[PDB]
Amino acid sequence: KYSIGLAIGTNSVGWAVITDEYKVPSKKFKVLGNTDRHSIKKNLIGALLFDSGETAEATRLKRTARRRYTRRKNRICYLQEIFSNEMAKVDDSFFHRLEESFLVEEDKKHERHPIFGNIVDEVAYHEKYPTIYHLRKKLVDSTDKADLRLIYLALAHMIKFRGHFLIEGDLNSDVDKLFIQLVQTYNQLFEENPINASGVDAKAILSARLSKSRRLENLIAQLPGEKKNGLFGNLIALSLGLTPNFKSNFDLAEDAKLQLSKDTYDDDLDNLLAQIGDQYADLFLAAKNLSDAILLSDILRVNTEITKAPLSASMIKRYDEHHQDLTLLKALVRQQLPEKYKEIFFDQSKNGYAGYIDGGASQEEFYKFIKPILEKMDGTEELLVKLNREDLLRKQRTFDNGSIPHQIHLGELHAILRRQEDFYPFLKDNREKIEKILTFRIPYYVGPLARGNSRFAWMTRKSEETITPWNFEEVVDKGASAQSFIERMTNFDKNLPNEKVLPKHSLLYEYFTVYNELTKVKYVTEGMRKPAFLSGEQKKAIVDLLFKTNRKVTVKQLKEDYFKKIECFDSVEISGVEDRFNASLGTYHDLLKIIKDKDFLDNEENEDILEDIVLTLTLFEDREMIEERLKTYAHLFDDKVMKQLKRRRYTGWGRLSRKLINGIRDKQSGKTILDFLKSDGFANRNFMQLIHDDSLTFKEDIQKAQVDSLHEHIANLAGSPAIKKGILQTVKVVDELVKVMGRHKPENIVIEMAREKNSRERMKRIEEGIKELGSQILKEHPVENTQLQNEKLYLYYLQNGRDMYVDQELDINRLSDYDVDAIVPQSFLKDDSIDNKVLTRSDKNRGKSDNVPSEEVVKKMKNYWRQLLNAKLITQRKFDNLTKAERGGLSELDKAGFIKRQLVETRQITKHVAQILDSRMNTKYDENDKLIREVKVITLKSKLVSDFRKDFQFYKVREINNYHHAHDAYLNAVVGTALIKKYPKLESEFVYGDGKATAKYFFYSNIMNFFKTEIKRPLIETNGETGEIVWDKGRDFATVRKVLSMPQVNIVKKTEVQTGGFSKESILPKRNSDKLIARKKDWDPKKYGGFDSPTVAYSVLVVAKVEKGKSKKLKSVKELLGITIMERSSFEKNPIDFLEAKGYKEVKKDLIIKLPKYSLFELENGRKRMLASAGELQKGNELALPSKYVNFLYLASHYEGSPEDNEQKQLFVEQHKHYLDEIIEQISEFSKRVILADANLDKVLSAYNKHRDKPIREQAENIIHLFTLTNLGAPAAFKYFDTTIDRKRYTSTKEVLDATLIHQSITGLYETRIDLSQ
RNA sequence: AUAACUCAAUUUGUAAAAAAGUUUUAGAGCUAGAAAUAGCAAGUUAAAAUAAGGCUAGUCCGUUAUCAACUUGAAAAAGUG
DNA sequence: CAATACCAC
DNA sequence: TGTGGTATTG
DNA sequence: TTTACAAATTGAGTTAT
Ligand SMILES: [K+]
Ligand SMILES: [K+]
Ligand SMILES: [K+]
Ligand SMILES: [K+]
Ligand SMILES: [K+]
Ligand SMILES: [K+]
Ligand SMILES: [K+]
Ligand SMILES: [K+]
Ligand SMILES: [K+]
Ligand SMILES: [K+]
Ligand SMILES: [K+]
Ligand SMILES: [K+]
Ligand SMILES: [K+]
Ligand SMILES: [Mg+2]
Ligand SMILES: [Mg+2]
């Protein structure tokens, strides 16, 4: 009797019930509650609206940061425990004063001066040590016994702010000496062509505060007859961090583009050194050494022969220059600009020195402020130099200290300990302990050190006791933990669900993959009458001769190095492989290079050992654990080999297990899968065939070996948590609708699923791409990540400022004249992304518009596209489409594919929704044990209904109201059921469950013509076989028109408790305001500042009494109280106690109503409001604009055929221009009844009259904006032409306390209305 | 529709770490003047907190997901037009 | 208790 | 961005 | 801001049920 249509979005689920005749029924629904109304008429169409579901990322970032704060605190507690006994003899309360430093003097229990407890000593300390780095350096370099309090503060400061762990190993690299070392190993290889590095100040040039590319050119400028792209220049450039290409240096064909920071350099070098010899390993090792000193020179800035605290010394240099430069700047301003001294040095709000030190000005904002002040004045030459080096008036706690590795704080910590352990025995005994505090990290592969109460933890303990930094290796089972880290995430073999999947790089796995591909190769020669498989002997010979001697095996090699050499074929045709084999024996060749013993690799006896080695190399990343794991095999290899085996690392897992591949055996033959791949008579069955062949027992054993709530099922799907929220809501809507129809199931369910920060990532692509390109375009044309939101400007930079089709530069200032063009035309592929788009002077030069770009263009541009490809400025997908014309372009089969892809949904996520609905609706089986499909689940793409709306003028204008979501679902049901009714053969493509390309292209291109009267077709469409009427153009269109015109549509905004952060994170200064919230129990915000602006979890209706006046007379009240997220647990634990603590007395416990966000209230004249908060309301009504006005607006506005048709539409608009005044009138009466914003309505009416002179198109476009005044939800600002209309807010919830509260079903069809008059 | 492999891109989920920022206190402001006020000096650092907090007391947990109402019902979850 | 401006996120 | 909290203005 | 890891999914290809 009925079908359901569904429109699934990230913020909405539209739904509709339709009958045979495409009508949506209406029904009386009971109304519960305490009001007049007992029932209500409802149309069976509507839409559920909801806020977006969120990813877990923000939550994880706060969670992991929380753990760092508590562990950092524990670092300090460990330090103080070590100091405790001996500090007690020096200063009873030192650690107490530190802990209470934040407290106001009134609240302090000890003296207010932290370090020494009296003014005179506290003042003297700061005079001698103006920064902690003065103290640090003194304690590193001096031999005097030091005060234990100063020792503590120095150590704590290094342990609390300890630097990063991005460099492995130890650190102790002078650019001067390591530059000579580079020249030396260079002239030892090029006797005839030497470099004279005499007089060259390598120190000043390479450690200069400049951009790598410039320093390179500076250095090279001092070497005559040496260009920056020669070998030596490419070495220096490698040490500066650029991307040098040693290809042309060594006359290669494989591009040796190796950069030191890329984590594949280590293997990029051994790849290059395998091509120029091993005499160049000296040179490229000098290169990385020079890089290490250059990197360190950016941080240390001070000669290491004056101090063992180069870092602290560098901070002191910052302080000293800051001091000297400030004295000069003050002097200069006094003399020359006396009227500006106050602004610069006193006004905190003005980004001068005062705002920089006292206000909110960053280093960057401060430089911008005094830049013209320095330029204007005289005698500021060097201050301007330092400003452009970002080196003027620097603080020492700064955003760029993230560069500092922990090894250099450790170096100072260690030196202080060796200095002072001569006087304090406990520092000698605890030296290593203290060093371990700074140095220890929990490995990422161990996770939280939990004891059974963490849903995130996986680590296991070797013994039950508290873990410390010092007993970690003994208490934590690192091996078991590192293994669980991976194995809790990796797949089991689906065919043998108890078996672990093999490492991707397993030797056995790569044998399987090569043999599986090899067995389906066939060949033919002249004589033979038919292509033949390779035999077992031929496959073994090919593996031994080609795959075990070349990392890759090309078809040419197969023809020439096997068929010519072994079979004596001068010509042969190969069928199972293109260009080169996809599979390869990469690991075999990796280990051959490491162990240098082919016989060992080929000996079957060593198979178990080699699998275990690669497993260790895959499972673990830590070199120490790997080495420990490989020790059982130490006797089999040289110590040199073992050391290389350590460094070999692999990642990734296959999809099959060892047992499936080469363990389970066929009963009759006794052969494994791999056995069959190596030799299978003349049938050469591959893995798919073996596993499905009834004459073997593989299929039987897999069946034998085989072994979730609705919410769990959906949560586990792969997809955005945003769409997954719509999926769950869709299932619940369907459940309710089936119940509404008396538990009868629908005939059909038609589902359509809407198709599915970014600035930073765009800059990153271009920065690294242009650098990989060696281009200077970013220095000639600077950008900021915000400008890259312009599609044309982004493409300009992605194309290195060149035309993508012509091999010419473009002009940045002329992008408005240039074209953005789709590589594969958007008539075929509805791809809007950069991945299918291109910037070109004129799209004419693509070639023909009917296809991919022409061969001529591919020939001209392919090499330039290749560089973009290698720079990651274009993508492999984009390159393949750009070059498709040299592979035949778009065949007629390709075209037909694209057209049916526009109509047939293939997204996995939509199939999952269809599966879920299908398996919930269809549960019975027939006499052959086959599922009975009572309900057909149909999936359509949005284009079908979209084209339907346009061809028959059921236009969508989204901003008029939310009805379009529901109309979409109705149209889905109509078009979907009529489609399969007309063409039941199409069920295969649309219904869930189990030469010619021109006809197929024509078919899907004309699939919807049966709705039409001329393209000439009859008035009534029928199914050719059944003789059943599917569409009647004389009354079915009218019915659709009536549905879209219906005013009452069940739009329901999902009410939701608010969760997340307690409040705005801003830590505000102290204020005399009870809105301030304490940051800790005893931190009275009037003294300490705190938070404000908490988020309300939900509101609560309280009917109670409150004390009034001095005498505290009890007065009855009825009000909404907002329960904040922080207050929620306390309020729900005991509501009455919570409320009485707020001041309420004699609360009517049974009358408390929980009111989450968006709770719906109706007042007078159908006026409705939604709860945004405890103190603010949203608009609750929908403006049901008649269809004739919606269609007029779509046409007049040019919101989105033949010229005559366009002329007819244009004449319709002109003949109906009086609709403008009527639409305004409709907005006015709605607003006067429901919006109650008369200042803004008066503004609007005034503005509408102001522009009645404007063209119709423009007035239509701007009337579209006026509906934000009337839209459901939060008031929002909008513009009518050039007048801005500011939002009118509903800043009181009082009126709602005497209105009718409306509780709504998910569909809104079931209501209970509560009259709050009480 | 499905499976293995190749290449590339994207998305989701987890762990371990860095640097800032902010907040209160500590870095004796000095003169003139009864007073506000004026003139000058000065500034770069540190401690502590970084969701209030919780019990399960761990170097753990605290911002995702899920949520009309009513009848039951401790609660889970059923039922209701 | 309006218009309303600014703020974080 | 959008939108609910806040102090300001009156 | 950085490092380490797993899983789908899309989509151009080879072979199959
Ligand atoms: K005190
Ligand atoms: K030169
Ligand atoms: K500042
Ligand atoms: K500040
Ligand atoms: K600071
Ligand atoms: K291939
Ligand atoms: K590994
Ligand atoms: K050995
Ligand atoms: K939530
Ligand atoms: K939320
Ligand atoms: K990720
Ligand atoms: K609801
Ligand atoms: K907000
Ligand atoms: Mg805490
Ligand atoms: Mg700080």
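Each chain gets a letter, A, B and so on, in the order the sequences are listed, and its residues count up from 1.
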Closest to the side chain of A/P114, out of B/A26, D/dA7, B/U14, is B/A26

Would the bases of B/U71 and B/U72 meet the stacking rule of centres under 5.5 angstrom and planes under 30°? yes

Stacking check: are the rings of A/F1062 and B/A51 less than 5.5 Å apart at their centres and under 30 degrees in tilt? yes

Under 3.5 Å for both pairing distances: what stems, at least three Watson-Crick or G-U pairs long, include DNA chain D? C:4-8 with D:3-7

According to a cutoff of under 5.5 Å between the ring centres and under 30° between the ring planes, does A/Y319 stack with the base of B/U44? yes

Can you name the side-chain hydrogen bond (donor to acceptor under 3.5 Å, both in side chains) partners of A/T1307, sequence neighbours left out? A/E736

Polar atoms only, N or O, under 3.5 Å: list the protein pairs with nucleotides 7-9 of chain B and their distances.
| from | atom 1 | to | atom 2 | distance (Å) |
| --- | --- | --- | --- | --- |
| B/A9 | OP1 | A/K872 | NZ | 2.4 |

With heavy atoms under 4.0 Å as the rule, sort A/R441 into base, sugar-phosphate or nothing. base

Indicate, with a heavy-atom threshold strictly under 4.0 Å, whether A/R461 touches base, sugar-phosphate, or nothing. sugar-phosphate

Is it the major groove or the minor groove that A/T64 touches, counting side-chain heavy atoms under 5.0 Å from base N or O atoms? major

Glycosidic class, syn or anti, of B/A20 using a 90° window around 0: anti

Can you pull the salt bridge (charged side-chain N to carboxylate O under 4.0 Å, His left out) pairs that have at least one residue in residues 1061-1073 of chain A, sequence neighbours excluded? A/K62-A/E1065, A/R1071-A/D1092

Under 5.0 Å from its side chain, does A/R60 reach major-groove atoms (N7, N6, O6, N4, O4) or minor-groove ones (purine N3, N2, pyrimidine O2)? major

Expected rows: protein N/O vs nucleotides 72-81 of chain B N/O, under 3.5 Å:
| from | atom 1 | to | atom 2 | distance (Å) |
| --- | --- | --- | --- | --- |
| B/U80 | OP2 | A/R743 | NH2 | 3.4 |
| B/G81 | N2 | A/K30 | O | 2.9 |
| B/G81 | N2 | A/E1311 | O | 3.0 |

When the axes are fitted on five pairs at both termini, how much does the helix from B/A1-E/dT17 to B/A17-E/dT1 curve, in 10° steps? 40°

Reckon A/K1070 has a side-chain N or O less than 4.0 Å from the OP1 or OP2 of B/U23? no

Is there a donor and acceptor pair closer than 3.5 Å between the side chain of A/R72 and the base of B/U50? yes

Given the structure, check if the side chain of A/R67 and the base of B/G62 hold any donor-acceptor pair shorter than 3.5 Å. no

Would you confirm whether the ring centroid of A/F472 sits within less than 6.0 angstrom of the ring centroid of A/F440? yes

Under 6.0 Å between ring centres: does that hold for A/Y319 and A/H134? yes

Classification of A/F102 side-chain groove contact, 5.0 Å threshold: minor

